Each structure stands twice: as structure tokens, then as C-alpha cells.
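J.: Here it is: the structure, laid out below.
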Amino acid sequence: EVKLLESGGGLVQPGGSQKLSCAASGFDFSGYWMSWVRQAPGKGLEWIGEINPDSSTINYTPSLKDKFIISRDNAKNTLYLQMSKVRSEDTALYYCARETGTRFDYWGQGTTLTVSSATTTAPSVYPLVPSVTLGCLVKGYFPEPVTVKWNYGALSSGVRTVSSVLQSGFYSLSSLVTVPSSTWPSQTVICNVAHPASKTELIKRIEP
Amino acid sequence: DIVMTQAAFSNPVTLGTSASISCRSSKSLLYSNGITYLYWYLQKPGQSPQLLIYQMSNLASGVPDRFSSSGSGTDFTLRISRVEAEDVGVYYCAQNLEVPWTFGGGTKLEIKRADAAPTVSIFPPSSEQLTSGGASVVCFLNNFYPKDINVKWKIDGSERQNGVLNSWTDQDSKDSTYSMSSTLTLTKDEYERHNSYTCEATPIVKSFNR
């Protein structure tokens, strides 16, 4: 029911501007305070700021007031965060959140912004073929993140996905699933790899 | 800004036993209206934060009564009784007596459980990869405890560290184990020059001949 779908992330060069959007649904969005919080890779949480229903009151982290501008369009049920003069230190996952610190507290799934002079690069993906364990190997991509699911996400128990590794400017990871020997190869197993920054969506059938 | 301090890791905590995660405030969070402006959030691996407890005494909806919090103004304790495997994650304390909202660094809950050896699996490169000029050999160590483990690669019985990348999962939600993968990436030529590929966990050894 209650949803906060975020977008507008990706890669941006140092000094640039970027505008994130948070599309609300499943509640009267016009009657709630909304917030932005970010999480840098491998780090904690930083509250950016918040905005009241009518947009007459907007609070910021003092050190982020120059750079960040929180706005909203109740007619569109949307929250916005406009960033400018962005630097490497602004690389993070950005969350929008409904009415933090109350019964109504709810956070969106987050959108990644990367500040970099490097080139977005699509992953290469390879099957990991021999209960039985299968996987796929995802290599060569930039920036983060990639997501890896199995049978569109329907296959969840037994899935083990390691954290990404950075080397020589590119990321890799691998996801594995353990599955009853009677199920595979008798039944289809697929891994779905998405790299949102390059708009990459691919599927690999895992086969003998 | 009010600064919230907490340790980065809990002491290892046996399942069914009570966990305690502490947090300290640089200014009192008790306001003259009697309310203490402290919040607890849980972030489970690969997920956004979820409110557990707001203003000390209130449970967010769907949060079990196993979670409680107490403390005198400047020094607090999240208690989780009868710790379950699904409680694993990073616990954040936070405040908003004063703007801006600030959060603690987060405390990773460490669950303690029986030692377990890894189930080890080795994967030759796909034929698919070979045309790329690379060949990746993958070793997967599945469902072990504790986290600290070592993987060694040997090609034709000789130890090879070059081209090896290792990475771990977080502690698992259902069994409280870890898994990790090691990938030896070579050129297609190096891989085709040799026969015997071995990885070993530390003594569990899996191998194949090309």
C-alpha cells in the first residue's frame, strides 16, 4: 500500500547538479512531513533535511544548506532533492522518508548517486555451473550498484550474494543458490542482473 | 549538532540470550515535557532502515515486545531479549531534541552460534567467458561460522595469489552463518596451460582437472 519510489540517481561529474525524485502512493502525501537521509558506501546515516506539508518550513543540516534544496509537489505527490556543485563526498544512497520518529515512520528503497569523472560501464555476466549449488559471476561494472536476483526474485531461500569488490576502477560480485538436486537441472533456474546506471537488464539461464 | 556515540559491533550473542546495545548522547535528550527524544532503527542487510522504538517508550508497529530501551538522559541501552537469528543487522540510535537529526555510527549485532565448517564448491570458468580473454575460477564456501576463514588457491599444486578476489556475505537471517566466494581470474591462455585447480578452506579442499 504505502510506497515511496525513488529515482534520479546515477553518475554525475564533480561540480554538477542532480535532482532526485520520490514518488509517494498509498497515503495522503499532502498531510505528512517528508525527509531526506543519505548513506555513503560502508558508512552510517546523515540526515539531509525535511519539509512540511505546505512547504513553508524546510530544515537542513547546516553544512548541507548551500548545496541541497528540498521541494515538493503535492499535486504530483512527489518529493524532490536538488543538489548542485556536487563533489566526491556526495556519493551515497539517498533515502526519502515519511514523518521520521513517529508511528508513520517509513523509508523508501533508496537511489544511488555517484560523483565521478569515470565512465559508466555495463557488467559482463557468466554462469556458475558444477542438493546442488549454482551461481552467476558479475564483472567489470561501474558505478555501483548491481542487483542480482534468481527467477525474478521468486527464488530466495538459499541465495547467498557476497558484497561487491572494487579493483582497478571496476566492481565485481557473485551470487550463488543452493537448490535440491531433484529440482535442478530438472527445472529452470535463472539469474536476473540489473545495473541501473547503464540501464542494463539481463538474464542468464543456468544450464548443464 | 548533538553527537551520538555507539560501538561498531556488539559482543557475540548466543541465540535465545539477551543482547544489549548502548548509545551515549553529548547533550541530554530529556526535554522539560518529560519526553526523551531518542530513537532506535534497525537496518537489515540490503534493506533501508526501519524504526524500532521512538521516544524511548514506544514500539513501532510490528516490532516485537522483545525490544526495549532505557537510560538516564545521556546514556541509553537497547535490550533485545531472546535474540532470534532474524534480529541480525545494524542498530542505529538517533535523536531530535535539536535540529539537525543525528544518528549514531551503528552497531552491528553479532550472533554467536555453533562452529560450522564450510560446504565448499568449485566452479570452472564457463566456456562463455573464454572468448573474452579471461577465465575466472570460483570457490564458494557456504554456511560456516565463525567469519574469519582463509582460502588458498593452487594451480597444478602450486600456490597462486595473483588475480584472486575474496568477498563475504553478512551473517545469515535464518541460520546465523556466513558464506564467502573467492574468484581466481586468469587469462584464457594461463587457464588452458594448466590442468589442476584447487581451493582449500582454513582443512577442506575441493579441486578439478580441466
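Every chain in the C-alpha cells takes a letter, A first, then B, and so on in the order presented; its residues are numbered from 1, and the ligands are numbered from 1 following the presented order.
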Applying 7 Å and only C-alpha atoms, which residues near residue 181 in chain B remain after dropping the ones on its own chain fewer than 2 positions away? List them as a ChimeraX atom specification.
T.: /B:138-141,166-168,183
J.: Distance limit 8 Å, atoms considered: only C-alpha atoms. Which chain B residues sit that close to chain A? Return them as a PyMOL selection string.
T.: chain B and resi 39+47-51+54-55+60-61+99-106+121-126+128-129+138+165-170+179-181
J.: When you look at range 189-206 of chain A with a cut-off of 7 Å (counting only C-alpha atoms), what residues show up, excluding the ones that are within fewer than 6 positions of it in the same chain? I need them as a PyMOL selection string.
T.: chain A and resi 10-11+120-122+127+129+136+143+145-152
J.: Mind checking which residues fall within 12 Å of range 79-87 of chain B, counting only C-alpha atoms, ignoring those fewer than 4 positions away in the same chain, and posting them as a ChimeraX atom specification?
T.: /B:10,12-23,40-45,52-53,56,63-71,91,108-113,171-177
J.: Write down as a PDB file with C-alpha atoms, in the first residue's frame the residues of range 122-179 of chain B whose backbone DSSP state falls under strand (DSSP E or B).
T.:
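Written output follows (result-v9.pdb):
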ATOM      1  CA  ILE B 122      34.460 -25.045  -7.032  1.00  0.00           C
ATOM      2  CA  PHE B 123      33.384 -23.715 -10.428  1.00  0.00           C
ATOM      3  CA  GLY B 134      39.750 -14.120 -19.297  1.00  0.00           C
ATOM      4  CA  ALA B 135      38.898 -17.209 -17.292  1.00  0.00           C
ATOM      5  CA  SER B 136      37.505 -16.932 -13.784  1.00  0.00           C
ATOM      6  CA  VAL B 137      37.684 -19.831 -11.359  1.00  0.00           C
ATOM      7  CA  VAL B 138      35.301 -19.519  -8.436  1.00  0.00           C
ATOM      8  CA  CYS B 139      35.478 -21.083  -4.952  1.00  0.00           C
ATOM      9  CA  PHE B 140      32.345 -20.847  -2.776  1.00  0.00           C
ATOM     10  CA  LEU B 141      32.408 -21.548   0.989  1.00  0.00           C
ATOM     11  CA  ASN B 142      28.879 -21.959   2.178  1.00  0.00           C
ATOM     12  CA  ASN B 143      27.339 -21.682   5.643  1.00  0.00           C
ATOM     13  CA  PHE B 144      30.283 -21.507   8.060  1.00  0.00           C
ATOM     14  CA  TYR B 145      30.981 -19.975  11.462  1.00  0.00           C
ATOM     15  CA  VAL B 151      41.018 -19.682   1.164  1.00  0.00           C
ATOM     16  CA  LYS B 152      44.144 -20.759  -0.705  1.00  0.00           C
ATOM     17  CA  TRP B 153      44.306 -21.410  -4.456  1.00  0.00           C
ATOM     18  CA  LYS B 154      46.694 -23.910  -6.056  1.00  0.00           C
ATOM     19  CA  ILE B 155      47.203 -24.359  -9.839  1.00  0.00           C
ATOM     20  CA  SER B 158      51.383 -24.503  -6.731  1.00  0.00           C
ATOM     21  CA  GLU B 159      50.020 -21.633  -4.673  1.00  0.00           C
ATOM     22  CA  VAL B 164      42.333 -13.540  -6.521  1.00  0.00           C
ATOM     23  CA  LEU B 165      39.352 -11.520  -5.185  1.00  0.00           C
ATOM     24  CA  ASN B 166      37.542 -12.521  -1.960  1.00  0.00           C
ATOM     25  CA  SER B 167      34.216 -11.311  -0.609  1.00  0.00           C
ATOM     26  CA  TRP B 168      31.823 -12.308   2.201  1.00  0.00           C
ATOM     27  CA  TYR B 178      28.457 -16.779   6.780  1.00  0.00           C
ATOM     28  CA  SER B 179      29.233 -17.671   3.201  1.00  0.00           C
TER      29      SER B 179
END
